[PDB]
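*Asks:* Got an experimental structure here, sequence first:
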Amino acid sequence: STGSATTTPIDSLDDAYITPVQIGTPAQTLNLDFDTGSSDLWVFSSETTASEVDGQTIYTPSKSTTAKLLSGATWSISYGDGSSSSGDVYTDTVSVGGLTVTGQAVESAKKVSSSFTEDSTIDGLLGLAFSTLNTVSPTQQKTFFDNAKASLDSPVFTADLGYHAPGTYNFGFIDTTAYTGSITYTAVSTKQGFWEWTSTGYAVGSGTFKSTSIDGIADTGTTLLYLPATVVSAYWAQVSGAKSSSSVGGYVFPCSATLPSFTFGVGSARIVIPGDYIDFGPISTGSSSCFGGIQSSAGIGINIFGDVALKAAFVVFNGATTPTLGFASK
């Protein structure tokens with residue numbers, strides 16, 4: 001089997017991408033944030049505290065003839081941005097882009113943190129990291145991909161995120177028309193539960209490539225590119241007037257600037273992030289200070305190849321017995 005679904009930016013900045021997901025019978029379609037940095041499929045629901053729902057579409061398990069309470073199971077998750085959610089668990093039929101999994105754990109939120117409530121466009125998350133990170137207790141549950149894998153034509157999914165435009169998540173096949181050149185594959189460590197890999201270096205604009213190992217994670221659920229402070233300083237030094245602002249929370253730059261590209265290495269291959277992808281717009285409405293899309297990871301503990309990086313590439317998440325990642329230009 002295969003599946004293919006379009007993923008759509010939630011706003012004009014590509015802050016996140018939503019993909020329609022069918023849950024239950026008859027189908028209830030929710031728009032979920034596919035997140036290769038986490039491993040829970042959780043949704044706003046009829047159980048979510050009413051004051052914490054503000055415009056999201058909810059899953060109502062009592063209206064699904066295939067829903068079953070997973071007795072005794074609870075979940076609770078905290079994300080790297082400080083947001084969180086928790087609740088109970090149903091199993092139900094879940095379909096993405098024509099690919100159907102029966103008995104998928106659907107984690108129904110009883111509580112969500114304010115950042116979720118305040119984002120009416122995201123109805124939940126669909127985790128695509130390794131199932132070892134799933135938070136369901138006392139019986140850990142498998143991700144959608146883990147449940148689907150054995151049925152897929154090939155045990156892979158691909159992320160093809162658009163810049164200010166829709167893109168595609170495919171399951172079970174590699175669309176050879178969706179990228180240019182060849183796909184360069186690179187080793188993955190699953191020891192932290194992430195799609196963790198090592199970039200071979202970077203360049204700023206037309207500058208020389210610096211060969212240096214940068215360990216990080218491929219994370220579709222993170223907006224920006226978070227890299228070591230040395231790398232980030234080297235990038236922003238090429239933008240007149242750019243500076244790190246403690247009050248804003250990162251590097252800002254004059255909105256009048258033209259940003260240089262940023263290149264990262266994948267083995268001997270190179271992925272070029274155009275400068276425009278690094279512009280996240282005014283820090284507040286009407287400001288002439290703009291927020292940068294490359295930020296320091298120093299306070300995180302891990303480097304994160306988020307959407308800024310991934311949307312410059314066609315990315316293969318190869319879930320074979322020994323997982324690997326592939327990157328191609330497009």
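*Replies:* Nice, thanks for sending it over. Residues are numbered from 1 along each chain as shown.
*Asks:* would you list every one of the helices in this structure?
*Replies:* Assigned helices in the chain, in chain order: 114-117, 144-148, 229-236, 307-310 (criterion: DSSP state H).
*Asks:* Minimum distance to residue 73: which of those helices has it?
*Replies:* Among the helices of the chain, the nearest to residue 73 by Cβ to Cβ is helix 144-148 (15.7 Å). Every residue, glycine included, has its C-beta placed from N, CA and C.
*Asks:* Using PDB, list the CA coordinates for the closest one.
*Replies:* The C-alpha trace of helix 144-148 is given here as PDB (Å, rounded to 0.1, in the frame of the first residue of the first chain):
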ATOM      1  CA  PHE A 144       1.000   5.700  12.500                       C
ATOM      2  CA  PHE A 145       4.100   4.900  10.400                       C
ATOM      3  CA  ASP A 146       5.200   2.000  12.700                       C
ATOM      4  CA  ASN A 147       1.700   0.500  12.400                       C
ATOM      5  CA  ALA A 148       1.500   1.000   8.600                       C
END
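*Asks:* mind listing what's buried in it?
*Replies:* Using 16 or more other Cβ atoms under 10 Å as the test for burial, helix 144-148 gives 144-148.
*Asks:* same question, stretch 147-162
*Replies:* Using 16+ other Cβ under 10 Å as the test for burial, stretch 147-162 gives 147-149, 152, 155-162.
*Asks:* now stretch 242-254
*Replies:* Buried residues in stretch 242-254, counted by 16+ other Cβ under 10 Å: 242, 244, 250-253.
*Asks:* From these, pick the one nearest residue 292.
*Replies:* Nearest to residue 292, judged by Cβ to Cβ, of the buried residues of stretch 242-254 is residue 251 at 4.0 Å.
*Asks:* mind listing what that closest one touches?
*Replies:* 232, 236, 242-245, 291-292, 294-296 (Cβ atoms under 8 Å, 6 or more residues apart in numbering).
*Asks:* Recalculate using a threshold of 10 Å.
*Replies:* Residues counted as contacts of residue 251 (Cβ atoms under 10 Å, 6 or more residues apart in numbering) are 232-233, 235-236, 239, 242-245, 278, 290-296.
*Asks:* related to what we said a few turns ago, dump the buried residues of stretch 242-254 to CSV, plus distance to residue 16.
*Replies:* Below are the buried residues of stretch 242-254 laid out as CSV (distance: Cβ to Cβ, whole Å):
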residue, distance to residue 16
242, 25
244, 24
250, 18
251, 20
252, 21
253, 22
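*Asks:* Tell me the one among the residues you listed nearest to residue 131.
*Replies:* Set against residue 131, the nearest of the buried residues of stretch 242-254 by Cβ to Cβ is residue 250 (32.2 Å).
*Asks:* ok, and the closest non-adjacent residue to the closest one?
*Replies:* residue 295 (4.5 Å; Cβ to Cβ, 6 or more residues apart in numbering).
*Asks:* Identify the residues contacting the one you found.
*Replies:* By Cβ under 10 Å, 6+ apart, the contact set of residue 295 is 223-227, 229, 232, 235-236, 244, 249-251, 280, 304, 306, 308.
*Asks:* rerun at 8 Å
*Replies:* If a contact means Cβ under 8 Å, 6+ apart, then residue 295 has 224-227, 232, 250-251 as its contacts.
*Asks:* Which among the contacts of residue 251 count as buried?
*Replies:* By 16+ other Cβ under 10 Å, these give 232, 235-236, 239, 242, 244, 278, 290-296 as buried.
*Asks:* coming back round to it: please convert the contacts of residue 295 to a markdown table, extending it with distance to residue 266.
*Replies:* Shown next, in a markdown table, are those (distance: Cβ to Cβ, whole Å):
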| residue | distance to residue 266 |
| --- | --- |
| 224 | 19 |
| 225 | 14 |
| 226 | 17 |
| 227 | 15 |
| 232 | 19 |
| 250 | 25 |
| 251 | 24 |
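*Asks:* Can you flag which of those residues belong to strands?
*Replies:* Using DSSP state E, the members of the contacts of residue 295 that fall within strands are 225-227, 250-251.
*Asks:* Save those residues as JSON lines, and put in distance to residue 62 too.
*Replies:* Below are the ones in strands among the contacts of residue 295 laid out as JSON lines (distance: Cβ to Cβ, whole Å):
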{"residue": "225", "distance to residue 62": "42"}
{"residue": "226", "distance to residue 62": "41"}
{"residue": "227", "distance to residue 62": "46"}
{"residue": "250", "distance to residue 62": "44"}
{"residue": "251", "distance to residue 62": "48"}
